[PDB]
């Protein structure tokens, strides 16, 4: 229980450092934020993605395993889980729309890269996990048998999409650093290169912590009567 406390502690810390490093990076090293820059608008993409898709979803994934909720309502924890994932969906759609906007405005191509393919798959599958999850596990009419055999799929899919999102983030960082750090070139180890690489590792470690927490059987929410 207290070693769980230390794990949730570390996960929260690394996660918040991921968001801080995202913000510091776009504000300091890049040009900033804004709703038309146009790269000012683009840099909403990494910031949103880290914030909702990696961090908020990272937390939503393990919301049920907090002990101070075990004797809380299941319908309430379903509400927190659904809603937290929902904030993360909204933010990720906003983040993808930002890129489609900066690109259509600036006459760049869409969906040519592997980062966008994987990314868009993870987004679509995230909304399918959200819709099925909401129309089976929150909603009332779904027969208990349908919950019974959707559940292992739904847990697995959640972990898979989480990982895929981490992998797409690291691909995103790479694309941005290679495109942007031309002179000083990325190869020359410039300050933004080390800073962003570190943010990468933080996003990675945070994934590792969330996976550890979420795969302890001794911290699963104790089964309902």
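Residue numbers count along the first chain shown, from 1.
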Averaged over C-alpha atoms, is the B-factor higher for 170-178 or for 26-34 in this PDB entry? 26-34
Averaging CA B factors per stretch from the PDB record, which one is higher: 212-220 or 198-206? 212-220
Among 95, 129, 116, 104, highest Cα B-factor in the entry goes to 104
Looking at 156, 186, 68, 64, which has the biggest Cα B factor in the entry? 68
Among the modelled residues of this chain, does the Cα B factor of residue 39 put it in the lowest, middle or highest third? highest
By the record's CA B-factor, is residue 111 among the lowest, middle or highest third of residues in the chain? middle
Relative C-alpha B-factor of residue 151, binned into the chain's lowest, middle or highest third: lowest
By the recorded C-alpha temperature factor, relative to the other modelled residues in its chain, which third is residue 86 in? middle
Ordered by C-alpha B-factor within the chain, which third holds residue 75? Give me lowest, middle or highest, please. highest
